[PDB]
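Residue numbers (my numbering), protein chains in the order written: chain A, -12 to 71; chain B, 36 to 189; chain C, 8 to 60; chain D, 1431 to 1549; chain E, 7 to 56; chain F, 366 to 490; chain G, 15 to 85; chain H, 220 to 271.
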Amino acid sequence: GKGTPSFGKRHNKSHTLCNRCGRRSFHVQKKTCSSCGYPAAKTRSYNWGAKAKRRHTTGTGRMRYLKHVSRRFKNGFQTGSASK
Amino acid sequence: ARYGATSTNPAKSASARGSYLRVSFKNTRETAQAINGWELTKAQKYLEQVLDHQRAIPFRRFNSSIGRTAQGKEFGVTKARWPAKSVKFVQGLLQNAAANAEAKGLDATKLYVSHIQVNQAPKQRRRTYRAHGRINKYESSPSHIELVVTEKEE
Amino acid sequence: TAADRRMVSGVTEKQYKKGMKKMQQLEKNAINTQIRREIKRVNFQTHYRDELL
Amino acid sequence: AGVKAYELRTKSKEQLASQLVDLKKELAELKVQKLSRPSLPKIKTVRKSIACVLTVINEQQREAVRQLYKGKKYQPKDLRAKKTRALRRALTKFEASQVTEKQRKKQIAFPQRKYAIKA
Amino acid sequence: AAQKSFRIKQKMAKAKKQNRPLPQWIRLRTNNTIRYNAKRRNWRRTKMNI
Amino acid sequence: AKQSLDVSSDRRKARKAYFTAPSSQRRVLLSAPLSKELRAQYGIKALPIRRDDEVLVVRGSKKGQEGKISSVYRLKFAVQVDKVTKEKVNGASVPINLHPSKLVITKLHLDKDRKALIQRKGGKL
Amino acid sequence: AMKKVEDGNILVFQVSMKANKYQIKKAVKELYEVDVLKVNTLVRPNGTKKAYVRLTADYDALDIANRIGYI
Amino acid sequence: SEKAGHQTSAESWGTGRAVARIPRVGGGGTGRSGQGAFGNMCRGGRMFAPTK
RNA sequence: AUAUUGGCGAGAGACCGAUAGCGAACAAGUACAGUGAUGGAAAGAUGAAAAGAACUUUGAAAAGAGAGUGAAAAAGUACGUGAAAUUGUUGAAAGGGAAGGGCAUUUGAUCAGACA
RNA sequence: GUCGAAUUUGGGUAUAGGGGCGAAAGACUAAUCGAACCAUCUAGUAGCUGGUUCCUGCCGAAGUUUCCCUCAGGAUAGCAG
RNA sequence: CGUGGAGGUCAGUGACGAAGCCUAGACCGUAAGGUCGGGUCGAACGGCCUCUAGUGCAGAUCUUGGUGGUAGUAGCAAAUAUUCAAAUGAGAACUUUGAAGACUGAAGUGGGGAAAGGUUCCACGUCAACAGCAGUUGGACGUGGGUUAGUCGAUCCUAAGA
RNA sequence: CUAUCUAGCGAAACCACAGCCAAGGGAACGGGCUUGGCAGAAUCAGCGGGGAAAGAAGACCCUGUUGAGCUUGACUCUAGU
Ligand SMILES: [Zn+2]
């Protein structure tokens, strides 16, 4: 049987957790991930997947440093001590 | 907590209620119509004879292909059943309406169950698993119950 | 005993029981929603073999 | 509520470094009483007090290393300016204001003069 | 498995801490639209794919 | 009418700039008028409300009930007054959430940085 | 864990995740001024680390637990 | 929005199934997967002649 | 001078008003499905204020009946108004292998106003 | 039916779409194979099928001529408003 | 004729109840539809002259949501089989103990493990849901506890190969 | 062991409205129309005559200025050599 009796032989994973995007896409035999190619330098992104860039672009995360750059521009990238 | 079309006065009445009870709707309806209009001392005697398999509950509306029996003769029907979960939930409200007619001061010697109706509660879903990988519903049919006993005036 | 942790921080022993019984029902209507709406397009397969003739 | 940073700039380096250990001793005893008493709200202030010490310790060592590199040609990349990467690779206001010796002789002889139209 | 790696034991320990109902003092705040813990997993229903 | 292009006449932009105001822009939102003695004594129309001001109610069903500001609950945009309350059927006496606009200030909790505040609003001693 | 304090000389601590059985044997020497026979270590299923340090036959575990203050 | 209703990747099921020939969202495990798309009769679809 | 459906900050509308408008007014690219690329929802409104029903009594309990709060529980966290399908009680009437409809009147019910 | 072998099988690894692999059936390639799955161009095109939302008033047809890879369709003349 | 919005006007209606909804109650119009009484209900909405359109549904094996008849019906029938007393309990064919009766029968219904799952292990509470009958029991719900290495594995080395 | 009867639990396909015939005419094989035969509530277990029963925009045939697999000395090219 190709259905229910052959779904019982599925106990060996072929993808594991990626280390740079943290989702089960890192293919073990190829040794490359498939949502963003992890041993590659640049992340995998395509303009035919316009929706699949909404889930991953700039803004879906903490933005630990970039969220302050717009405030630091307004004051003008000043430095030094503050005030009275 | 409003009730059905009770055409009696509230001053000599006492009422009870159950909501979202997980009895069958189609059996608690025919239980509630077996005792409609009766005296309270004779409905309580009758409803526990049902549990001892004498004097069945006459099924009138929801009675398609149920089995025929001989205990339906006293009602003039040939199809009757003895629903046990239904009478245990109607007995639990006749005992609650006969406890509110003591706290209101009425006499339990001449009460009669005047208005009694059931309704349909929101169903409770489950799944059943059919052949060739299909999924189908498996729902409960719960029921609200309202009940009003009243002193027999003239 | 973490039972007193409730009793100092809002919740009472009684308020937990009537609160969880509402809460365990607030998940009951939602799972009754999920079974009802999905039950139409859940038998809708793709590659059925038709073992006849 | 315990310490206050204006009363910690004054205290010298070895006075802070022994005050910080005295706060870590008090903090560790408070995580024992929390195991036996359900609420313990004092443990917020002791945990914000070793942060107030540590920001005063680091305040002094950044300052003392800055006058150690004062006026030198190269200071570390922790004391230079965190302007954006595009600004640091850009020309300085002397380098941008460099003109050739021919374009400098022209600006002193034929400058842009201002004028009007009526007489 | 039994002989497991550390970066799945670090993941099933987070799922242990997230296997908690709503705290009951949450439902008492001013504008509290939350009423139950809707991201709540159970090992019978939903396998986590880690 | 509106004349600068920095102010909005939008409904939605002005209710989002009210319901999500931070807890110090809610300080001026909860101002309260002074009675017709302090307006002759000091010389302001309104001050931002503060805890432990003695106050009087001019609107509502609790009209003409003196009290004292017990807590400025500037999260529900409400203030609470003690010596008036609501006796529950359980026996608890919860206080009432008033709004600072429906009050009037009778005795003022003077202070530094409020003595100076009245002076910059042209007030007196 | 009280059974390990009272029967044996085993003090049980929750240690930080980056400690490595020399930083625990030396911590209990520096914090509590005792001697440690042997440190054992497991990583609890709530993702924290638990260390069964063991005092050595002349230091007593009840006296150290009482000086700390968890009896 | 010119991409309103055209976010989904819906392909019509065909005719051998006993349901209409509108494009239908594919997948499973959500309530949406199976529903119609891309039309103006559909819920979640376009409008007819989107305003320009 | 020019381009700008991304970023940041503003102003606006003969635009949509929760099956609409972005997929998302809400812990929404969230839950969930797939080995994987990818697919991807549903889900807004008690009241001005929780004053979210103390107490009594029947029940093993949920609950019920009173009582009480409220302008109103014909607003009681299943909470604005709450349509239809479909359902229950009560009231009227009809009924020999369908029901319904058209013209005409008897009978019952019901409604009526210039002169009223 | 075969049951000591052209045996059965675990794990590792190799080959990926006009490509793989085939003791060869067009078989198998994740319930998909005489060319997988996913997203996009894409709202592909259709002389073909179904549907096409209020009332009243007045007038009211055609299946015929000619040409067309024309015959389930058009252009043109006709009738009609 | 009707509808969503726009300019104008009626110094229009409205918490002494606007819109909605219900009504084998009334009236007008050939009709599309308009007006009124009653009930409900609680915050906005109309007439008229013009402007504008995402403007009128019985159908599309229409779309989404909801509900029916069928129907208390089909059925809940493989894996040999259960019974007595007691205890707990509001409640016992089903939970616990005891007494019987039996089965798997050492390629086990036994004891362990590799994949895979991930807290299911274990105790104390508890039965709204789930366990397609039941439930006092539970792999369920609620709160916690629990996995200890110089020798056991990884780590180390190479295989086909990357 | 089912079916059957009871306690508990409790779905689905399908459904314009529905359900007694004979002849007639009719889209040329009516449950309804027309003329007759007639006809008494509610129903239970069977049963396979009928409902041109249900299943799926006929898999055969034809039409399409609709495709695809494959073949060769079809037309137009092409890697390679
Ligand atoms: Zn990745």
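The beta carbon of each residue, even a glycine, is placed where N, CA and C say it ideally should be.
Legend: CB atoms of the stretch 12 to 32 of chain E lying less than 9 Å from CB atoms of chain G belong to residues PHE12, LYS15, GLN16, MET18, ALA19, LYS20, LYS22 and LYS23. The criterion of a C-beta distance shorter than 8 Å is not satisfied by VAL50 (chain G) and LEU76 (chain G).
Counting only unbroken stretches of 3 or more residues, the beta strand (DSSP E) elements lying wholly within the stretch -9 to 53 of chain A are 2 to 4 and 11 to 14, in sequence order.
The beta-carbon distance between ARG251 (chain H) and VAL244 (chain H), rounded to whole angstroms, is 6 Å. This is short enough to meet the 8 Å contact definition. Here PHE384 (chain F) carries a helix assignment [DSSP, helix/strand/coil]. In this structure, B:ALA91 is the residue among B:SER100, B:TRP117 and B:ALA91 with its C-alpha nearest to the C-alpha of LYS108 (chain B).
Between ligand 1 and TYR33 (chain A), a heavy atom-to-CB distance of less than 7 Å is absent. Looking at the DSSP output, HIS150 (chain B) sits in a beta bridge with B:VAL183.
Between ligand 1 and the CB of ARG7 (chain A), the shortest heavy atom gap is smaller than 7 Å. When DSSP states are grouped into helix, strand and coil, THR66 (chain A) belongs to the coil group. Counting of Cβ neighbours within 10 angstroms places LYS145 (chain B) among the exposed residues, the total staying below 16. Two segments are said to touch when three or more pairs of C-beta atoms, one from each, lie closer than 8 Å; by this definition the stretch 107 to 127 of chain B touches the stretch 51 to 66 of chain B. As for any beta strand (DSSP E) of minimum length 3 sitting wholly inside the stretch 430 to 482 of chain F, the runs are 433 to 438, 443 to 447 and 468 to 472, ordered along the chain. For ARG50 (chain E), no CB of chain C lies under 8 Å from its own CB, so it is not counted at the interface with that chain.
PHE257 (chain H) has its CB no nearer than 7 Å to any heavy atom of ligand 1. One alpha carbon belongs to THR1440 (chain D), the other to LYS1474 (chain D), and they sit about 24 Å apart.
Taking a C-beta distance under 8 Å as the contact criterion, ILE151 (chain B) and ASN71 (chain B) qualify as a contact pair. Distance from the CA atom of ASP57 (chain C) to the CA atom of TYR164 (chain B), rounded to whole angstroms, is 19 Å. Selection B:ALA134, B:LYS47, B:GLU189 and B:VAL148 evaluated against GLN68 (chain B) yields B:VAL148 as nearest (Cα-Cα).
Straight-line spacing of the CA atoms in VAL437 (chain F) and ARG415 (chain F) works out to 7 Å.
No Cβ of chain C is located within less than 8 Å of the beta carbon of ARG47 (chain E).
Of all residues in the stretch 1508 to 1535 of chain D, only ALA1511, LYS1512, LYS1513, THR1514 and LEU1517 come within less than 9 Å of chain A when Cβ atoms are compared, listed by chain position.
Judged by the Cβ position, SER1 (chain A) fails to qualify as a neighbour of ligand 1 at the 7 Å threshold, every heavy atom of the ligand being at least this far. Using a Cβ distance threshold of 8 Å, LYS410 (chain F) and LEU399 (chain F) count as a contacting pair. The Cβ of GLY253 (chain H) sits closer than 8 Å to at least one Cβ of chain C. Annotation for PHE13 (chain A) indicates a beta carbon within 7 Å of some heavy atom of ligand 1.
Within the same chain, and ignoring the five residues on either side of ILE78 (chain G) in sequence, the residues whose Cβ sits closer than 8 Å to its Cβ are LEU25, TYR46, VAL48 and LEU69. Taking a C-beta distance under 8 Å as the contact criterion, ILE1487 (chain D) and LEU1453 (chain D) do not qualify as a contact pair.
In chain order, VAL238, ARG240 and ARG243 place their CB closer than 8 Å to the CB of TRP232 (chain H), counting only its own chain and leaving out the 5 sequence neighbours on each side. Against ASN60 (chain G), the close residues of chain E are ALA19, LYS22 and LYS23, in the order they occur along the chain (beta-carbon pairs closer than 8 Å). Judged by their CB atoms, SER1466 (chain D) and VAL1433 (chain D) are not nearer to each other than the 8 Å cut-off.
Within the same chain, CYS23 come within 6 Å of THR30 (chain A) by CB-CB distance, once the 5 residues on both sides are set aside. Contact between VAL420 (chain F) and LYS441 (chain F) does not hold, since the beta-carbon distance rounds to 17 Å and is not under 8 Å. Per the Cβ contact rule, the stretch 153 to 170 of chain B is not in contact with the stretch 51 to 69 of chain A (fewer than 3 Cβ pairs under 8 Å). CA-to-CA, the gap between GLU452 (chain F) and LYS427 (chain F) works out to about 14 Å.
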